[PDB]
Amino acid sequence: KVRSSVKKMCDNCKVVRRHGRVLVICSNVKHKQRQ
Amino acid sequence: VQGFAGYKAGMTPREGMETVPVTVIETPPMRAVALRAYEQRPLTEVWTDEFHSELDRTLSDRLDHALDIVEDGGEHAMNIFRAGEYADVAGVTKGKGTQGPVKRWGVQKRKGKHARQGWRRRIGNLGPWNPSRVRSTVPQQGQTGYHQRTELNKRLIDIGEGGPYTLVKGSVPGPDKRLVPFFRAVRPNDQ
Amino acid sequence: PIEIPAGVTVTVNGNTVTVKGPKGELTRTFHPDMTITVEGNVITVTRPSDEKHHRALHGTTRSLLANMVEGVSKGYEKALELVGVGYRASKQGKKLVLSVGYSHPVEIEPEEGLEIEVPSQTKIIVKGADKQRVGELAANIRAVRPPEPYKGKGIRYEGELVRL
Amino acid sequence: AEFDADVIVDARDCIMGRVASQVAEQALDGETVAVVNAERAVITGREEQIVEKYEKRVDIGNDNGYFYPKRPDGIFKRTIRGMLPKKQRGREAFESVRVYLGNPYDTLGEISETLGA
Amino acid sequence: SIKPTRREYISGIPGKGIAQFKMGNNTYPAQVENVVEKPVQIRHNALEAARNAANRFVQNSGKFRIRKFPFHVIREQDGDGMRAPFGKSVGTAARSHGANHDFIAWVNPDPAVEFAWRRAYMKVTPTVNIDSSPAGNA
RNA sequence: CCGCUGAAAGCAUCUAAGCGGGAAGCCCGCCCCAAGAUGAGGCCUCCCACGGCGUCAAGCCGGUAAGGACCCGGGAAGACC
RNA sequence: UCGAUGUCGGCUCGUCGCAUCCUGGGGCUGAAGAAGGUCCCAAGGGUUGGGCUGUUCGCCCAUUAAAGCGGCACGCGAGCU
RNA sequence: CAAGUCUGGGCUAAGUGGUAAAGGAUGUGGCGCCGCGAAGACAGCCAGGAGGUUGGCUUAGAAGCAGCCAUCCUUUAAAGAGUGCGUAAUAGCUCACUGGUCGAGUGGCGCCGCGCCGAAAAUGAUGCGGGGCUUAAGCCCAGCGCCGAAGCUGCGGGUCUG
């Protein structure tokens, strides 16, 4: 999403690592956090 | 010789059901010449004379059935090309010569207040100041008439032997009649 | 840390481990940059690192090997839902005939090892001698025949949900 | 085909760096080397970016030219020359350094393969 | 570190028009707080804002005492071009002296505030340091 | 961009290691040159060791129509070439 | 650089580049469809006639999928204008 | 392209090295804190997922799950001023609460040293180049010797000033 400033939402939105990449995964489309 | 070939008869068209133009091509079976194979070491072309009577005036399918008639004893009639299929064909250009930026290449020249003014034909420019000097781009007056030319989806309709001859869909055989044209059929889309 | 059940034949070499038993005749890969514990009745995590890193490495190998096991012993079955009022599917030929509109339906084949079952036109599943490949192609179809949640219908990994 | 045995060399697993470097020094002094192995020798982990740099070689193609060999053959070629001097001596040396696929005589497969093996 | 003309002569003796010093509340123990460590003519307005920002996010107890104040001034463009500089004034600020006692969030136990200053923090302008004073915070 | 398989976090995770899904894009494929790519490449066909002089005579003479070339005669081949 | 580098706009020839207008691939919606909007990936090719204005730009006409931003001395006068 | 692919002890796995700021984020590696595993501990799992709580503005609906004000009592396994998905307020799940199984190390904030996102570009690419990922090499701290100026000594000659 914003590419820069990813910071958790649903009370369980996950900080995961893919390609030295910080993307956040949750169970709501409403989270798709991607830097 | 991997392929099928001959020359330029002429174009005209007539008949069909609506009406289609075509061109006729010349070729009985211009004889056998070895047979493509990088076998055992390099094997590429041999010539156990079985030739013309002039020719010492100068002295796996396709090619494979070519093994067929090649072995036969030289020549091999042409027309594998049958009832409308698609070869393709190469023809040497037609020596047009050395020309103007114009037909060498479509380019608008001398607009009007000056299209004329004892002024006309001569491409317009070459290259920005600071980028520097000259591309290998913008063609130039780039001669035409000896190019080796040819095309795709060459639909051939029919043939007959009153001499080995073919009638192909849409001439464009490139060069003029009495000239060298070769045809394969390759990577057909209208397969 | 795990056991190696009946018929569990475990060959460790090269860095592969052939693992053979019942409806489970397998031969898998098991790394050469760490360490193997294989012993006649059971088996486990060597420690050619002992440090958090390769640590993960062999905790993983624990699970993996385990796989060679349960696998080679009693295979793998993934439970697939065909939920399509209209969308429907059944066995045909040595493959799966699924139908979900579009026009053409599809013949999907589970190559050597992969087996698909049409218990009953509506629900369909996949058993394969192994969890990896199984779950894998399985989902392959499971997405292949769209699960669009707009408002229900689609292939769906057993037990999912609705929407709005 | 066949030849001498002056410099009787092969690679694999090696550090594809000073390997060439010596490749060189001998070449240099003036010793024709024949070596084989391409594939099996090696080069810096991070396999990915490794491939990277090397296709850098791969498509570094500008009008004027800029080929960049796509087989191990080249990989080495480039490196080595990379250690020589274009003037005569360099040149000829290069003629004098010759290696091949695997064996035509008595990580170093991955990026050349990747970008043009 | 160039500065103003004469504090009665260029621009000297104001009220730096701003938004005062104490909001937040009392207490004897827990020092909860904000200080920094950058060096700069702290941005009047900027600051003022930032600060009242914090205020904004909160409203009461938790000493929002704020130990800063803009008292000198910047200048530029007003006259003929670029050569001879008469003097237009703007920018009242203060020398944030590379770290120091900035603004506090002082109180017994009200983390609500702590977070709040935090807010004020992210706010501010030059990175700033988030912190605790003489005992910790509770 | 989406998955499976699964550590390190005895509970999740597409995930560093293992495997796939996916672009009018990249590589290849189509067509157009092209070893003067000095790393001059392949193949076939054909011509056979002339001379007499100091030598590692790899230097000077008839040659073989193997062949080709010049001149002439002609080409949508074309400024000349 | 003043023993000198010819400053607009146009022309003709163009060539990058991406923040991509049109394209394709994406995830997202307050997305059903459909069409929209949010952003990520990608520069392949493609990106129209007038009109008035020295103009660039611009306003308007009729189209279109589109009718892209910007670089190259705001590219081009030993090429015109 | 002249000289240790020196050896010694750390940390890097991004080619960072071969330019960047704010700001991210159980990356990695080293240092201090609060709560316990036999009130046998965090994630797993079983379960009741207590009652006066449904209190005020706005209610038309706060009755945590519109928002502005509270934040008490409690009979008893505690408590949940019930942070949390919603809907018209209500009406279910979730731990802020723990038995057995486990069973032996778990969740925390500071201090750090090294590193990835943010950090798009125009004739073509770039550590200088060839190059390198536990002597690679880089980066830190250790000792080591060898390189290298016409600079300093040997060698010999020129020269001015005293």
# chains A, B, ... in the order shown; residues from 1 in each chain; ligands from 1

$ residues_around --residues "stretch 20-36 of chain B" --least-positions-apart "6" --cutoff "6 Å" --atoms "only C-alpha atoms (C1' of nucleotides)" --output "ChimeraX atom specification"
/B:6-13,44-46,70,74-78,164-171

$ write_last_selection --atoms "N, CA, C and O atoms" --output "compact mmCIF listing (two decimals), in the first residue's frame"
# COMPACT_ATOMS: atom_id res chain seq x y z
N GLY B 6 12.26 -21.71 -57.26
CA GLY B 6 12.23 -21.43 -58.70
C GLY B 6 12.21 -19.95 -59.04
O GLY B 6 12.82 -19.17 -58.32
N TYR B 7 11.54 -19.55 -60.12
CA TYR B 7 11.49 -18.12 -60.53
C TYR B 7 10.18 -17.41 -60.84
O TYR B 7 9.14 -18.04 -60.89
N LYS B 8 10.30 -16.12 -61.19
CA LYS B 8 9.20 -15.18 -61.53
C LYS B 8 8.50 -15.26 -62.91
O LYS B 8 9.00 -14.75 -63.85
N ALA B 9 7.32 -15.82 -63.03
CA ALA B 9 6.70 -15.88 -64.35
C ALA B 9 6.10 -14.56 -64.72
O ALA B 9 6.61 -13.85 -65.58
N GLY B 10 5.00 -14.27 -64.04
CA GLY B 10 4.25 -13.05 -64.22
C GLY B 10 2.98 -13.02 -63.37
O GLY B 10 2.57 -14.04 -62.83
N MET B 11 2.34 -11.85 -63.25
CA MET B 11 1.11 -11.73 -62.46
C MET B 11 -0.07 -11.24 -63.27
O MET B 11 0.07 -10.47 -64.21
N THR B 12 -1.24 -11.71 -62.88
CA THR B 12 -2.47 -11.34 -63.54
C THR B 12 -3.42 -12.00 -62.55
O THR B 12 -2.98 -12.46 -61.52
N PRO B 13 -4.73 -12.05 -62.82
CA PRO B 13 -5.49 -12.70 -61.74
C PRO B 13 -6.71 -13.57 -62.09
O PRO B 13 -6.80 -14.74 -61.74
N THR B 44 28.24 -31.18 -44.40
CA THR B 44 27.41 -30.12 -44.94
C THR B 44 27.02 -30.06 -46.47
O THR B 44 25.87 -29.76 -46.76
N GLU B 45 27.93 -30.32 -47.43
CA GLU B 45 27.57 -30.35 -48.89
C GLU B 45 28.63 -31.05 -49.80
O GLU B 45 29.81 -30.75 -49.70
N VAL B 46 28.19 -31.96 -50.68
CA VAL B 46 29.10 -32.71 -51.60
C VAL B 46 28.63 -32.51 -53.05
O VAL B 46 27.54 -31.94 -53.26
N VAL B 70 16.55 -36.64 -54.31
CA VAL B 70 17.99 -36.30 -54.41
C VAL B 70 18.66 -37.60 -54.80
O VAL B 70 19.30 -37.65 -55.86
N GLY B 74 19.23 -36.74 -58.62
CA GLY B 74 19.31 -35.31 -58.89
C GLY B 74 18.03 -34.53 -58.56
O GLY B 74 17.72 -34.32 -57.39
N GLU B 75 17.31 -34.11 -59.61
CA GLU B 75 16.08 -33.31 -59.52
C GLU B 75 14.91 -33.87 -58.74
O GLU B 75 14.92 -35.04 -58.36
N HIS B 76 13.90 -33.02 -58.52
CA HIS B 76 12.74 -33.36 -57.70
C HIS B 76 11.64 -32.32 -57.88
O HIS B 76 11.64 -31.29 -57.21
N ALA B 77 10.71 -32.61 -58.79
CA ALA B 77 9.60 -31.72 -59.11
C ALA B 77 9.13 -30.95 -57.92
O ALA B 77 9.29 -31.42 -56.79
N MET B 78 8.56 -29.78 -58.19
CA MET B 78 8.03 -28.92 -57.14
C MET B 78 6.50 -28.83 -57.28
O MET B 78 5.95 -28.90 -58.39
N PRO B 164 6.62 -27.49 -65.23
CA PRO B 164 6.26 -27.40 -63.81
C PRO B 164 5.95 -25.96 -63.33
O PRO B 164 6.89 -25.17 -63.11
N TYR B 165 4.65 -25.62 -63.19
CA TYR B 165 4.28 -24.26 -62.77
C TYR B 165 3.24 -24.02 -61.71
O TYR B 165 2.21 -24.71 -61.64
N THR B 166 3.51 -22.98 -60.92
CA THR B 166 2.63 -22.62 -59.82
C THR B 166 1.91 -21.28 -59.91
O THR B 166 2.45 -20.35 -60.42
N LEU B 167 0.70 -21.22 -59.36
CA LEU B 167 -0.14 -20.02 -59.30
C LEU B 167 -0.44 -19.75 -57.81
O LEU B 167 -1.20 -20.50 -57.13
N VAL B 168 0.19 -18.67 -57.35
CA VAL B 168 0.13 -18.23 -55.98
C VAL B 168 -0.57 -16.94 -55.75
O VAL B 168 -0.39 -15.95 -56.47
N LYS B 169 -1.24 -16.96 -54.62
CA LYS B 169 -2.09 -15.92 -54.12
C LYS B 169 -1.31 -14.67 -53.84
O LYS B 169 -0.34 -14.68 -53.09
N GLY B 170 -1.71 -13.59 -54.50
CA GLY B 170 -1.04 -12.33 -54.28
C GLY B 170 0.45 -12.37 -54.56
O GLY B 170 1.24 -12.73 -53.69
N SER B 171 0.80 -11.98 -55.79
CA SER B 171 2.16 -11.89 -56.33
C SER B 171 3.22 -11.36 -55.37
O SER B 171 3.85 -12.14 -54.66

$ residues_around --residues "stretch 50-65 of chain C" --least-positions-apart "5" --cutoff "6 Å" --atoms "only C-alpha atoms (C1' of nucleotides)" --output "PyMOL selection string"
(chain C and resi 45) or (chain F and resi 6-8)

$ write_last_selection --atoms "C-alpha atoms (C1' of nucleotides)" --output "PDB file, in the first residue's frame"
ATOM      1  CA  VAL C  45      17.293 -33.598  14.783  1.00  0.00           C
TER       2      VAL C  45
ATOM      3  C1'   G F   6       7.880 -25.693   6.752  1.00  0.00           C
ATOM      4  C1'   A F   7      11.953 -24.039  10.561  1.00  0.00           C
ATOM      5  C1'   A F   8      13.697 -20.503  13.915  1.00  0.00           C
TER       6        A F   8
END

$ closest_atom_pairs --of "chain E" --to "chain H" --cutoff "10 Å" --atoms "only C-alpha atoms (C1' of nucleotides)" --output "tab-separated table"
residue	atom	partner	partner_atom	distance
E:122	CA	H:23	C1'	9.7
E:125	CA	H:22	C1'	8.7
E:126	CA	H:22	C1'	8.1
E:127	CA	H:22	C1'	7.1

$ atom_distance --atom1 "atom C1' of residue H:155" --atom2 "atom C1' of residue H:3"
26.8 Å

$ select_by_dssp --residues "chain E" --states "strand (DSSP E)" --output "PyMOL selection string"
chain E and resi 22-23+31-36+39-43+64-66+72-76+88-97+100-106+129-133

$ closest_residue --among "G:46, G:21, G:81, G:40" --to "residue A:35" --atoms "only C-alpha atoms (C1' of nucleotides)"
G:40

$ decode --residues "stretch 39-71 of chain D" --atoms "C-alpha atoms" --output "short mmCIF file (atom, residue, chain, number, x, y, z; two decimals), in the first residue's frame"
data_model
loop_
_atom_site.label_atom_id
_atom_site.label_comp_id
_atom_site.auth_asym_id
_atom_site.auth_seq_id
_atom_site.Cartn_x
_atom_site.Cartn_y
_atom_site.Cartn_z
CA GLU D 39 30.09 -25.33 -14.57
CA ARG D 40 31.54 -26.85 -11.46
CA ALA D 41 33.90 -24.08 -10.34
CA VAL D 42 32.29 -21.31 -8.12
CA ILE D 43 31.57 -17.65 -7.22
CA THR D 44 30.25 -15.56 -4.30
CA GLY D 45 27.05 -16.73 -2.71
CA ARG D 46 23.88 -14.65 -2.89
CA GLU D 47 23.36 -16.68 -6.01
CA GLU D 48 20.69 -14.22 -7.10
CA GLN D 49 22.54 -10.97 -7.33
CA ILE D 50 25.51 -13.12 -8.54
CA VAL D 51 23.51 -14.02 -11.59
CA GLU D 52 22.65 -10.29 -11.57
CA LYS D 53 26.01 -8.85 -12.01
CA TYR D 54 26.74 -11.40 -14.62
CA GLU D 55 23.78 -10.81 -16.87
CA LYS D 56 24.97 -7.19 -16.30
CA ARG D 57 27.45 -8.58 -18.61
CA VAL D 58 24.58 -10.35 -20.48
CA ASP D 59 22.44 -7.46 -21.77
CA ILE D 60 25.06 -4.67 -21.42
CA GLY D 61 24.29 -4.12 -25.12
CA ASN D 62 24.57 -0.68 -26.60
CA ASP D 63 24.42 0.21 -30.33
CA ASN D 64 28.26 0.35 -30.79
CA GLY D 65 28.23 -3.23 -29.54
CA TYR D 66 28.61 -4.69 -26.01
CA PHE D 67 28.03 -8.44 -26.57
CA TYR D 68 28.96 -10.17 -23.23
CA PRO D 69 29.51 -14.03 -23.62
CA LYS D 70 26.57 -16.18 -22.36
CA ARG D 71 28.48 -19.44 -21.50
#
